[PDB]
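See below for the structure under consideration.
Chain naming here is simple, since letters A, B, ... match the order of the sequence lines and numbering starts at 1 in each. Read the numbers this way: they start at 1 and go in the same order the structure lists the ligands and their atoms.
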Amino acid sequence: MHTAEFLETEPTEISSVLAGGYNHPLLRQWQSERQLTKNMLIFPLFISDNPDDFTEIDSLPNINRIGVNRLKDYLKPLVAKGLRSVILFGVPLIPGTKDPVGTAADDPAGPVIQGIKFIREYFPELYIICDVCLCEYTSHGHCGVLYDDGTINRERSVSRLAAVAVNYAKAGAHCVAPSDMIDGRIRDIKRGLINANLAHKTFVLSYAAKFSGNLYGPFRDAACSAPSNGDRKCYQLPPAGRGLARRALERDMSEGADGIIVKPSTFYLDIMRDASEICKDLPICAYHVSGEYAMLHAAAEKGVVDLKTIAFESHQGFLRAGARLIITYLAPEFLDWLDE
Amino acid sequence: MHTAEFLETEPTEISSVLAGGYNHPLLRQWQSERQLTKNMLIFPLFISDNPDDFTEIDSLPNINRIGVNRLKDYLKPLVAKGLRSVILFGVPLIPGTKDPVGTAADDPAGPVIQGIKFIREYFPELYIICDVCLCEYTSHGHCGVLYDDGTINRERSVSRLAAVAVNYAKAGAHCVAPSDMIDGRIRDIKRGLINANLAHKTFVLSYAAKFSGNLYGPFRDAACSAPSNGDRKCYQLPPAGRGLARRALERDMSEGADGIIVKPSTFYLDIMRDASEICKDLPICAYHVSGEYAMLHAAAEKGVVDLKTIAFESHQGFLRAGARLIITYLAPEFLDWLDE
Amino acid sequence: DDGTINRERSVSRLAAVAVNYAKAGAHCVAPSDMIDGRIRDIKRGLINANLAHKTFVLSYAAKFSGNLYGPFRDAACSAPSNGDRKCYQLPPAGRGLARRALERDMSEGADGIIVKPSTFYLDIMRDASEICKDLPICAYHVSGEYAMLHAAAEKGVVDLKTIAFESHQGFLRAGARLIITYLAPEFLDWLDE
Amino acid sequence: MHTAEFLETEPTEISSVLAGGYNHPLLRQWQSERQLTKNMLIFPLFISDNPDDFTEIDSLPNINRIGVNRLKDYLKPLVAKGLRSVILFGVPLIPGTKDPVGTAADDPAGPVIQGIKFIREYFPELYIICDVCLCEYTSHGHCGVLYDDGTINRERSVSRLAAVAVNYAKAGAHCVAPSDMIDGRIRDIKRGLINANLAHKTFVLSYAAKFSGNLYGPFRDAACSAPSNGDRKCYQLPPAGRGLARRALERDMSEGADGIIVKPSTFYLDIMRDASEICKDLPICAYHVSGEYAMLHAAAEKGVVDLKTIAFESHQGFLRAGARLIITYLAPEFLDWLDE
Ligand SMILES: *C(CO)CCC(=O)O
Ligand SMILES: *C(CO)CCC(=O)O
Ligand SMILES: *C(CO)CCC(=O)O
Ligand SMILES: *C(CO)CCC(=O)O
Ligand SMILES: [Zn+2]
Ligand SMILES: [Zn+2]
Ligand SMILES: [Zn+2]
C-alpha cells in the first residue's frame, strides 16, 4: 500500500529561516522599502479648449475631458482628500488650431496655460506639472517638427519644445515633463529655463524611459493624438531596448533632469529598478498608462481580479521597484483607500 | 497674434544622440539582450486522475484538465511545433485520495508519476519538469504539513517534500520545481537527491521568488487548491518584500538550486532584474501565472489591447528583465508565432 | 567570579528568556545584551521551540557605550555594579567593530537590527543600510538624546516639534525604516496634520 | 517554583567573538579610524567693526563679538595652547554699512579684511580661513543678491561672491569657505582665484552640504543675520534631501573645492559618511553649529549629560563618520583636554 514517505532531515540551518521576518501583518509594512502615501500621487488632467467641457473618455474609464469652467468643482473634492499634484494635458478642439509647428502648444489662451492660471489662483497649494510635447498640437499628430520626408527634425523640434516648456514655466507651472523623447531636448529645455531665469524654480521631470507599446490606447482617445503615417517607434524606445533605456536615463540626468519618469510602469518594472541605480540621487516616477489602467478595470470586470487589491499590488510594485512618485488615474481612489 | 516661438539652440551634443541605434526594424532585434526562441518555453500540464479526462478550466481560457488517455493526441501537435519542455501539475479527483500528509503526492498510480512514465515513453525527447508541493494533495489545501494550530510544520513538511521530489526523479522526471516556499526545503531536496544518487541528473528549479497576490486566480480552479482557514501569506513573500526576495534568492542558490523561478512575472519584473544579478550564473525562469494570463485575455476581449501584441510585449519583457526561460500558457500560440 | 561576563552561561540564559517571552506570546525579541554570539543561540532556541517562523529577531547589533543612557538608568533601575559596561558595549569610535557586529548578527539570524544611540550615530545607520540592506533597520532614540532635546527646547535653544522632526527624519535619511522613540505619543498627533 | 532556565548551547563560533578587540582602554584607541588632535580644530571668530568690541553673544555661551583691539589678548593664549586655524566672520555694526549688494563684504576697512591683516602680522603661523557670504552684509540679510521678487539672483550673486572671495585671498586669507550654497558659486570662485593668480595658494573649503534646520539659532545673534521675508529653504538643502546633498558634494568637488564642510554635524553624521566616499580624496570638515553647541551646554546644565564627556563623544563621532577637520566653539576647551 502506498504510504507517505518522510526523508531523514538534518538540523535546520539558521540561514534557511526567513519566516521570522514576515509572519505578522505589521511586518508586511516593515518589510517595505517604501510606503504608499497621498503626496506621492499625481493625477492627470485633460483640459479642453471648451470652458464648459466635461466629456467622458471612451477608453478611459472614469476619466473625462474638462473645460476650465468645470475644473473647480472637479478639483475641490480631490484636493480636500489630500491631492498635492497634477499633470496637465492640453486638448484643443477648436478647428484651425493645429499646425505643422504646434504653434498652439504655448498659446496663452490655450487649455494648458489657461488651466495653470486657473489652478494657481483657486488652488495655490497644488503642485502643477505640465506634460511637454507637440503631438496634441501638430497637424500630423507626431511629438515634433517633421522634416519634408516625415521623420522628426530634432533641431527645430527641440528648439520648439524648449520654447513651450519655458512658456509653461513663465505661465506659472512648477514643473515640466517633456514626453517627446527627442534626443537632447532636456539640455535645450534646461538652457532655456536658465536663460529665462526660471531654472531655480522649475523642476524638470523627464520621461527618460518611454517605451513604444500596446498600452497607449485610451490616451489616444482622451488626447486625440493619432500618428499620421508611420510608427512612433522612431523616438519611443523599443520594448527590448534595455541598453538604450539605461543610456537615455544617464543622458537625461546629465542634461539637467531633476527627476525621471518610467512609462509604461508595470510592464517595465525592471527598468524602474535600473533607473533606481543609475538615477539613485533623483526622484523616480512611475506612469500607470491608460492601457495598464484600462487593463486592470477590464480584468476586474471579468472577475479575474479585484480592482482595489490589484490596484494596490501594482502600485506598491512601483515603490518596490524604486519609484517614489506615481502618475495614475487611480489617484481619486487611492485618496480614499489610503485613509483606511 | 500668438506665433510659434523657437529658442536659440546650441550645437547638438553627440552624447545626446541615441537614435542611430534603433531607427530600423532589424535594429530592434540587435538592441535586445536576448531573443525569444521556442526552446525557452515551458508549457504547464494539469494531469487528472481520470485517464479519459479533458475538462476545460473556467478561469483558464484554452487550458484543460487532461487524463493520460488524452495526453498523446494533445502533445503530438505541440511537440511537432517545437515544444521542448513541460511542467506537470497533478489533479487527483478520486475521493478519499487527499489527506493530512499529502500521501497521494508521490503515488506511483497518481497523475503526476503516471504522466512522467507516459511522456518518457511516447515523447522521450521532451524535458519533464514536475512542480513539487502538497497543496493539491492535502486535506486542508495548504502547501505543507500543518501543526495542530494550523501553521506549517517546516520539519515534517520539508521532510515530506524531499521524499516527493526524489520519488518524481525516481519515476523519471528530469527536473523538480518546489513551489512550497517553505524555509530550507531546497537543501533537503538536494540532499535527498544526492542520497538517492540522482543529484547529477536532476535539475533543481526552485520557485525562489514566489509572491502572495491577486493573480493566482484561475489556477485555483484548474488545480483545485483552495486554502483552508487563513492566508497563504505565511510562506508566500509579501508583495513589497524585496529584501526578503533577495535573501530567498541567495538562500535557494546556496542550497543547491540549479535555476530559479520568479512568480508572478510581469508584476514582478524588478525582482527578475534582482535575480539576474544575485543569480547571474543560474538560468532564471519567469512564470506567467493564470491571473496575468487571464488578465491579458480579458483586456484583449475588451479591445483594450491586442493579444498577440501584448503577449509579445510581456514575454519579451521577461527576457529584458533577465529571464532566459518562460513558463506560460501562451506557449501553444508562441510555437506558431515564432515561425513567422 | 572575577566580575567579567560569562558568555557561555549568559547567552545560555538569554536564549531561554527570549524563547520564554515568545512562548508567552511576544511577536518579537530584541536582545540588548551585546554579548558575542547571543543571536545564534537565541535563533537556535527559537527553532528548537518551533517559534522561529513566528518570532521576529530584532537585534541591537550596534549598541555603543556613551553618555546618553542617563534617564533609562532611572526608569529601569539598571546601575552597573563595579566596573564599566564598556566590556560589551561598542566603543564610540569603534566603526570597524560595529560593521563586523552588524554582519555577524545578520548571519546569526537577525531579522532586523537596531542602532543605538541614534542621532549621535547616524553614520552607523548609513553603514548598516549597506551591510544589512535587505533587513529593516531600526533607530533607538535613547533617553539621553530624548532628554537632551527637551532640555534644549526648555532653554529656548530649539523648538521641540521642529527638532523632533529634524532628528527623526534624520533617522529615515540615514537609512532606518523603524523608530523606537519616547516621542511616539507626540508624533501620533503631529503626523495627523 | 520558577527557576532559572539554561538552554543547551553549541560550541562558540570564532566568527561570533569580537570582544578580543576592545577589552582594554588602549584598544579603544586602536579601534579608532582616526584620533583627535589639536591641529584638527578650527575656532570661529566673530570680528566686529568696533576695534574695542568684546560683547558676549546671548545664544552663544562663552563666545563673544571681538574688535581688532582685543584680538591679540584673546588669541595669544589659544595659540600658545596649540591653535592652528581660525574661521573669520564679519560683524559690521556701523549704520549705513549694509546694502543690496553686500558692498561692505570686501571692504578693506571692514572687520574681516582688518582681522586678516592683523592676524597675518601678529600670528603669521595661524591658518586663516574666511567664511564667504553676503548674508551679514545685505540689507535683507540673505546670502546673496535678490531679484526684484525676492528670490536669489544666482548670476549676480555668484559674480559678487567670487569678487569677495578673491579679495579676501588678496588681503591675505589662506582659505575661503563659501557658505552661500548658491548653485555654481564654487566654479566662479575658483575661476576668479585662477584669474587673480591665487588658485595655487588659496584652499577652497566649500560648504557642500549645508542643510536648513532648527540649529542655526545662536549664530543669528552673534552674526545678526536675520532673513528678511521668506525662508532660507531656497538654497539650504532640505533635511531629508540626501540625494541632493550627494549631488552637491560631487558638484562642488568637480568645481574646484579642495575640501568640503558638512553642516550641521551631529544631526547629519550620515551625510559625512556619504561625503567620505564621494569626496574620499578630499579633507572633510564637520561644523558643530551654534544650535548643536548650545544644545550640549543646555543638556549639561540640566544634568542630562556631562559636557566634557558628550563633547568628546560628539567630536569623536565626526572623526568616525569620516571627518578629519572640525570647526567648533569648543576648541578652547579641547586645547586643554587634549593635553591630558
Ligand atoms: C503619456 C503621454 O505623455 C500618457 C499616456 C497614458 O495613457 O497615460
Ligand atoms: C503556481 C503553482 O505552482 C502556478 C500558478 C498559475 O496560475 O500558473
Ligand atoms: C536601551 C536599553 O535596552 C534603551 C536606553 C534608553 O534610554 O532608551
Ligand atoms: C554657519 C554660517 O556660515 C555657522 C552657523 C553656526 O551657528 O555656527
Ligand atoms: Zn507627444
Ligand atoms: Zn503548493
Ligand atoms: Zn550667508
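Proximity annotation for atom 7 (O) of ligand 1: of A:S290, A:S59, A:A294, A:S290 comes nearest, heavy atoms only. Nearest to atom 8 (O) of ligand 2 by heavy-atom distance, out of B:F219, B:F89, B:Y329, is B:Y329.
Distances shorter than 2.8 Å separate the Zn ion (ligand 7) from the protein N/O/S atoms D:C133 SG, D:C135 SG, D:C143 SG.
Note on D:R160 versus D:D106: salt bridge recorded, some NZ/NE/NH1/NH2 to OD/OE distance being below 4.0 Å.
A donor-acceptor pair shorter than 3.5 Å can be found between the side chains of B:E313 and A:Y268. Side-chain contact of B:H288 with B:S314: a donor-acceptor pair under 3.5 Å is absent, judged by distance alone.
Using a 4.5 Å heavy-atom threshold, the side chains of B:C285 and B:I42 count as touching. The closest side-chain heavy-atom distance from A:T266 to B:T266 is below 4.5 Å.
Here OG of D:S179 is found 3.5 Å from CG of D:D131. Values are rounded to the nearest 0.5 Å. Atoms CD1 and OG, from A:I128 and A:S85 in turn, are 9.0 Å apart once rounded to the nearest 0.5 Å.
Under the 4.0 angstrom criterion for non-hydrogen atoms, A:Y293 is not in contact with ligand 1.
The ligand atoms of ligand 1 that sit less than 4.0 angstrom from a heavy atom of A:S179 are 3 (O). Heavy-atom contacts of A:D131 reach the following atoms of ligand 1: 3 (O) (cutoff under 4.0 Å).
In terms of protein heavy-atom proximity, atom 2 (C) of ligand 2 is closest to B:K263 NZ, 2.4 Å.
Looking only at distances, a side-chain donor or acceptor of B:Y293 sits under 3.5 Å from a matching main-chain atom of B:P61.
Geometric assessment of A:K210 against the ring of A:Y235 yields a negative cation-pi assignment under the 6.0 Å and 45° thresholds.
When heavy-atom distances to ligand 2 are checked against a 4.0 Å cut-off, B:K210 comes that close only through its side chain, counted from C-beta outward. Contact annotation: for B:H288 versus ligand 2, there are no heavy atoms closer than 4.0 Å. Looking at B:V289 against ligand 2, both its backbone and its side chain come within 4.0 Å, counting heavy atoms.
In this structure, A:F219 has its ring center under 6.0 Å from that of A:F46.
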